[PDB]
Amino acid sequence: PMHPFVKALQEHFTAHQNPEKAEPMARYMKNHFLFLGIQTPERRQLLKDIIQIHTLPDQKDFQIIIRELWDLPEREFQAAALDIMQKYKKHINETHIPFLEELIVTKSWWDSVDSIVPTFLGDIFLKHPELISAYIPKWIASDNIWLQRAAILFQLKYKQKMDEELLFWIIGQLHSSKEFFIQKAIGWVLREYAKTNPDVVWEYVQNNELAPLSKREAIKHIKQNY
DNA sequence: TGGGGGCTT
DNA sequence: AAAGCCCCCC
């Protein structure tokens, strides 16, 4: 934690770790990560304490801090890094897409990736429509399952802004994936979109090839209506 | 299947 | 802030 802010945060988090909570938190993530055992309320308070002391670092340092936290072993530091990224949301723009790509493909799991994609990337592509073709096809073809999940979920919260043709194209490109988290992402985005346009999702699921898992996930809340 | 402490609003 | 939702999990 070269940067003083990251050092303080690490010291403060470590001083407040809870071994009894570490185990179940770690199991939730299929043991891919060590945990300190600090849940979100306390994790955010501990971040608040440090901000109260140091003040939020200048925007020129924000990528440095986030990377340094990403390199720390315990998962809470990546969670804290995302809390921090949210506080800098107004300074995050299209020039940061490569930075966000690195975050997605490093220490990858659903918890970090879902926290990056629908909000930060979703907003970026809304403001910069021309960049969709520069990133989405590349992510789909990358064979990195987390970039693939990113391509599927960037429109997750769009509601009526959903580009249906694009969504169905992206899903079509990944419908044969044998990856659990891709099949789940397809199910999720379809299920979420069905809150807005259930008819189109129902017809899509009935008439197109998807894993049974994705079909089950997609229709779990609307099947009682058909 | 379909619903649940941890999270959100 | 009482109450709904659930990425995920099983």
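Letters A, B, ... are given to chains in the order of the sequence lines, protein chains preceding strands, and every chain is numbered from 1. Worth knowing before you read on, the calculation uses all heavy atoms, side chains too, and leaves out hydrogens, waters and symmetry mates.
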Between [N] atom [atom2] and [X] atom [atom1], what is the distance in whole Å?
| X | N | atom1 | atom2 | answer |
| --- | --- | --- | --- | --- |
| A/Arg75 | B/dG6 | CZ | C1' | 17 Å |
| A/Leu156 | C/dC5 | CG | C1' | 14 Å |
| A/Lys184 | C/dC8 | NZ | P | 5 Å |
| A/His32 | C/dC9 | NE2 | P | 9 Å |
| A/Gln224 | B/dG2 | CD | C1' | 12 Å |
| A/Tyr28 | C/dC8 | OH | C1' | 3 Å |
| A/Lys157 | B/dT9 | NZ | P | 9 Å |
| A/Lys220 | C/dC5 | NZ | P | 13 Å |

Can you check the distance between [N] and [M], where both ends of the measurement are the [atom1] atom (answer in whole Å)?
| N | M | atom1 | answer |
| --- | --- | --- | --- |
| C/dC10 | C/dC6 | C1' | 13 Å |
| B/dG2 | B/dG6 | P | 26 Å |
| C/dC5 | C/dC9 | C1' | 14 Å |
| B/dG3 | B/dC7 | P | 23 Å |
| C/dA3 | C/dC7 | P | 23 Å |

Heavy atoms only, 4.0 Å cut-off, all strands: where does A/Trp110 land among base, sugar-phosphate and nothing?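 It contacts base atoms.
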Once you apply a heavy-atom cut-off of 4.0 Å, does A/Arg43 come out as touching a base, just sugar-phosphate, or nothing?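 The residue A/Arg43 makes no contact with any strand.
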Does A/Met85 reach the side chain of A/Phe99, with side-chain heavy atoms less than 4.5 Å apart?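 Result yes, sub-4.5 Å side-chain heavy-atom pair found.
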Check whether A/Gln160 reaches the backbone of A/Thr196 with its side chain - one donor and one acceptor, N or O, closer than 3.5 Å.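 Pair absent, no side-chain N/O of A/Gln160 close to backbone of A/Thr196.
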Can you tell me if A/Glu42 uses its side chain to pair, donor with acceptor, with the backbone of A/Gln39 under 3.5 Å?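 Flag set: sc A/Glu42 to bb A/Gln39 pair under 3.5 Å.
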Strictly by Watson-Crick or wobble contacts shorter than 3.5 Å, is anything paired with C/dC9, and which nucleotide is it?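 Paired with C/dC9, as far as the under-3.5 Å criterion goes, is B/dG3.
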So which nucleotide does C/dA3 pair with, by the Watson-Crick or G-U wobble rule with both distances under 3.5 Å?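 Checking every strand shown, C/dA3 finds its partner in B/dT8, with both distances under 3.5 Å.
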Short side-chain N/O contact from A/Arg27 to OP1 or OP2 of B/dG5, under 4.0 Å: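 Looking at the OP1 and OP2 atoms of B/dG5, neither is under 4.0 Å from any side-chain N or O of A/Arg27.
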Would you say A/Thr40 reaches B/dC7's phosphate, i.e. side-chain N/O to OP1/OP2 under 4.0 Å?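 Checking A/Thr40 against B/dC7: at least one side-chain N or O falls below 4.0 Å of OP1 or OP2.
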Looking only at the aromatic ring of each residue, does the gap between the centers of A/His128 and A/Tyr135 stay below 6.0 angstrom?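 Ring centres of A/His128 and A/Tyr135 not closer than 6.0 Å.
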Compute the centroid of each ring, for A/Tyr28 and then for A/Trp110, and state whether the two points are separated by less than 6.0 Å.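 Between A/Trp110 and A/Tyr28, which both carry aromatic rings, the centre distance is below 6.0 Å.
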Residue [X], side-chain atoms from C-beta onward, closest of [options]:
| X | options | answer |
| --- | --- | --- |
| A/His221 | B/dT1, B/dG6, C/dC6 | C/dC6 |
| A/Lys223 | C/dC7, B/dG2, B/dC7 | B/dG2 |
| A/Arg149 | B/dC7, B/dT8, C/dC7 | C/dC7 |
| A/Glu192 | C/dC6, C/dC7, B/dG6 | C/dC6 |
| A/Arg216 | B/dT1, C/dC6, B/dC7 | B/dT1 |
| A/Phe180 | B/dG3, C/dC9, B/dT8 | C/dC9 |
| A/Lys30 | C/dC9, C/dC7, B/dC7 | C/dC9 |

Given the rule that positive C1'-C2'-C3'-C4' is north and negative is south, which one is C/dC8?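 A north sugar, the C1'-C2'-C3'-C4' torsion of C/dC8 being greater than zero.
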May I ask you to classify the sugar pucker of C/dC5 as north or south from its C1'-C2'-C3'-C4' sign?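 That sugar belongs to the south family, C2'-endo side.
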With a cut-off of under 6.0 Å to the ring centre and 45° to the axis, is A/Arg149 in cation-pi contact with A/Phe181?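 No cation-pi geometry.
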Given side-chain contact (heavy atoms from CB on, under 4.5 Å), test A/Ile92 with A/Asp123 step by step and report yes or no. CA-CA 10 Å; A/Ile92 296 178; A/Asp123 286 344; over 6 Å; no
